[PDB]
Structures are given as structure tokens and as C-alpha cells.
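First residue of the sequence shown: 2, per PDB author numbering; consecutive thereafter. Here a beta-carbon is modelled for each residue, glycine too, at the ideal position from N, C-alpha and C.
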Amino acid sequence: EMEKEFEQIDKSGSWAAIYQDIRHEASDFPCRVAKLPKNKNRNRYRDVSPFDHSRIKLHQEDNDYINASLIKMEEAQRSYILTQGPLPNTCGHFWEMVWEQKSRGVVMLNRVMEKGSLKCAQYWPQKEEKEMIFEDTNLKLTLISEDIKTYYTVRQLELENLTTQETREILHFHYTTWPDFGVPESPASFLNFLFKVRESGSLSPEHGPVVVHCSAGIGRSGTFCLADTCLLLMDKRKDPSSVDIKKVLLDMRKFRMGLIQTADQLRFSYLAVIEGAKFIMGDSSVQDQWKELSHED
Ligand SMILES: O=C(O)C(=O)Nc1sc2c(c1C(=O)O)CCOC2
Numbered sequence: 002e003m004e005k006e007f008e009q010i011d012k013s014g015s016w017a018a019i020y021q022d023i024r025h026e027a028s029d030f031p032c033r034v035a036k037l038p039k040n041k042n043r044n045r046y047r048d049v050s051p052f053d054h055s056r057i058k059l060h061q062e063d064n065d066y067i068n069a070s071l072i073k074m075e076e077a078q079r080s081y082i083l084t085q086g087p088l089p090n091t092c093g094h095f096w097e098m099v100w101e102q103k104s105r106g107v108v109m110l111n112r113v114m115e116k117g118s119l120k121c122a123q124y125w126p127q128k129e130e131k132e133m134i135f136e137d138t139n140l141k142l143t144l145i146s147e148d149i150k151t152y153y154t155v156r157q158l159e160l161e162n163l164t165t166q167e168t169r170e171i172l173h174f175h176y177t178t179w180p181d182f183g184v185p186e187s188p189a190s191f192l193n194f195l196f197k198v199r200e201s202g203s204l205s206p207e208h209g210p211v212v213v214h215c216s217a218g219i220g221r222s223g224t225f226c227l228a229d230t231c232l233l234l235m236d237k238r239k240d241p242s243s244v245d246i247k248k249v250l251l252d253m254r255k256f257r258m259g260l261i262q263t264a265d266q267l268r269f270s271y272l273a274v275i276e277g278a279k280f281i282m283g284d285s286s287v288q289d290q291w292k293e294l295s296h297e298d
């Protein structure tokens, strides 16, 4: 079990070296388009880029570049798009991505402001009466409503492709108390948020991949995707002991660099997957306990 692994790791206390090891083994593939001079103002961090092979291409003639990747989990049969927090010049690209890729959900794990700094553009309308038009990629976006909980909010957004006037509804799941380079307050509130995204239908192979972002699209997003895929993998077979957590993080880092930013986020992933296995293994009663524990209202 991952659970025995956990206990070994904790008792020796070697999370850092374990994480060190993941970092040393992770793949390294080129990011030449991300590094082209034209794309400088499209990347938020110099040292966080999409790999060329897995990047998302915009369906524009101009410049198809966005800092986003498709994480395509073959065995689990689930994909996500991981991306950075949109910059002020790329919010139009971000929604073009959502449109072209046919996503139904956007999972945001950061606040706009963190640690004194602007981690992300305000890329969605905070009120119904004030829509956003993105003239560059010709899209319009309206808040339809939202559902504010103590640690998270769910918005319903209407996205319109102005050119054809086709519209779609996007669900936005905003986790607002997961610290940059930190962990959730607990596995319970993490799982509570994750199962809310799952319940909503957005992960569900009739839609495009869910878009997951934090500020860089690697630390908080990798943690979220790692726990989700681990639980999925375990569901298809009903076999916890077939899931190798480190190795699934390593399959994911084939598609985007840097997924999971610290050893305690790695450690939090084992906690999350070990708690969530109770639900996958057929005690659905823990779901309701997570919700209590989480203090959602
Ligand atoms: O938002 C996250 O969870 C995340 O991965 N962020 C990251 S990863 C990363 C940075 C940041 C940041 O927010 O400043 C700054 C550059 O180094 C790597």
C-alpha cells in the first residue's frame, strides 16, 4: 500500500529526498516555442513553460501560443489542461483556449492577489451587469450566478463566440484558501472541493478537458490533478494497491514540467488519495463527513 509507503516515509522522515528524486527523474523536453522572442509577454514566469510536444495551440493564424499543456492520462482515461494564471494580455487567449478545446469546467486554485502580489488577471466578470468582451479573440463572457462558500465559490459563466453567436456554459470552481506553495487546510476540504468538481459533470469525457490553473499551472494544479487521477485509476479496478503515486506524478510530468512544487504538497497528495480511497472503495458516507469537516457554509 501507498499507506505503508507513507508511513515508511514519515518515520524515516524523507519526504524531501523522495521529492528530490521525483524532481531528478522527471522528463525534460524542449520548450522552443515558449522561448521564442515573440512569446515573452505571454509567459508569467521565465522558468515555467509548456513543452512543445504537449502545449495547447490556439486556432489563430497570428500567434497560436499560450502557456498551457494537455496532460493526457492514457491509463486513467482523463485529460486536463494545465495553465498559468492568465496575464492581462492573454485573458482573450485563455477563453479562446476554453472555446476551442470545448471545456465545460475551469478549476482555479489561487487568488488574484497572493503574498502581496498579483498572481493572476481578473479574467472573469465579478458581476452580472458588467460582462467582459475580449475583442482580440472575439468572445464575450457573463457571470450568470455564483455560489459562495467559506473556502470556495462556484460560478456559472456564459461564454459566447461572438462570431457565430454560439454560447456555452462554463462552470468555474474557485478554491480561495489554498496558499501559494502550500497545502489545503485539510484532506477533507480538498476532497470536498474535488468531489464538487466531479459531481458537476465537468470531468466527464463528453466535454473537452477541464482547465486547471493556479498562478504558474504547476504546484497547486499538479497536486489537484495527481489526487484526482490516482482516485480514478483506483476506481476502474477497485484496487488501491495497484496505484503507484510517485509513478503517476512522473507520467504527468511527461506533459508539463514541475507538477507539484514542494515535498509537503507531495505528502499532501498521499493524504488526499489515502482518505479518498475510502469513498472509491464503497463507503460513500465519508463524502458527507468531508463536507461537515470542511465547514463549507
Ligand atoms: O500557483 C502555484 O501553485 C504555483 O505552482 N506557482 C509557482 S511555481 C513557480 C513559481 C510560482 C508562483 O506562484 O510564484 C514562481 C517561479 O518558480 C516556479
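Report yes if the C-beta of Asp48 is less than 7 Å from at least one heavy atom of ligand 1; otherwise report no. yes
Which runs of the beta strand (DSSP E) at least 3 residues long sit entirely within the stretch 110 to 197? Give them in chain order. 133 to 135, 140 to 149, 153 to 162, 167 to 176
For the candidate residues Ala69, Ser286, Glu186, whose alpha-carbon lies nearest to that of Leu260? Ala69
Determine the DSSP secondary structure at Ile82, reduced to helix, strand or coil. strand
Neighbourhood of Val113 by C-beta distance below 7 Å, restricted to the same chain and skipping five residues each side: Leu119, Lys120, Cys121, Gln123
Quick test of the definition: if touching needs 3 or more C-beta pairs under 8 Å, does the stretch 38 to 50 touch the stretch 272 to 285? no
Using CA coordinates, which residue listed in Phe225, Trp291, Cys92 is at the minimum distance from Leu267? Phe225
Put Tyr46 into one of helix, strand or coil per three-state DSSP. coil
For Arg45, which of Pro87, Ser80, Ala27 has the nearest alpha-carbon? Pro87
Check whether the Cβ of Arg221 lies closer than 7 Å to any heavy atom of ligand 1, and answer yes or no. yes
Please give me, in chain order, every unbroken run of the beta strand (DSSP E) with length at least 3 that falls completely inside the stretch 199 to 258. 211 to 214
Own chain partners of residue 303 with C-beta closer than 6 Å, once the 5 adjacent residues on each side are dropped: Outside the shown range of the chain (2 to 298) lies residue 303, about which nothing can therefore be said.
Taking the beta strand (DSSP E) that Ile72 belongs to, which residues open and close that run? 66 to 74
Beta strand (DSSP E) segment containing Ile57, residue limits: 56 to 58
DSSP puts residue 332 in a beta bridge; with which residues? Residue numbering for the chain in the displayed model covers 2 to 298; residue 332 lies beyond these limits and cannot be assessed.
For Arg105 versus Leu163, is the C-beta distance shorter than 8 Å? no
For ligand 1, any of its heavy atoms closer than 7 Å to the Cβ of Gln262? yes
Pick helix, strand or coil for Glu297, following the three-state DSSP scheme. coil
Straight-line Cα distance separating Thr154 from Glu293: 17 Å
Roughly how many whole angstroms lie between the Cα atoms of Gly218 and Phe52? 13 Å
Quick check on DSSP: helix, strand or coil for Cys92? helix
What are the boundary residues of the alpha helix (DSSP H) that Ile261 is part of? Unbroken run through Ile261: none, as it is neither H nor E.
Quick check: the Cα distance between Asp289 and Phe196, rounded to an integer number of angstroms? 11 Å
So, helix, strand or coil for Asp289, using DSSP? helix
Look at the alpha carbon of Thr143 and the alpha carbon of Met235, and state the distance between them as a whole number of angstroms. 38 Å
For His208, which residues from the same chain have a beta carbon less than 8 Å from its beta carbon, with the 5 sequence-adjacent residues on both sides left out? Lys103, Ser104, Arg105, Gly106, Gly202
From this set, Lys279, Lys255, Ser295, which residue's C-alpha is nearest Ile23's C-alpha? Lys255
When you measure from the CB of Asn193 to every non-hydrogen atom of ligand 1, does any distance come out below 7 Å? no
Just verifying my parser: in three-state terms, what is the DSSP assignment at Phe52? coil
Shortest alpha-carbon distance to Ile19 belongs to which of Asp298, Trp291, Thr263, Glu297? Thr263
Element boundaries [alpha helix (DSSP H), containing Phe30]: Premise fails: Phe30 is in no alpha helix (DSSP H) and is neither H nor E.
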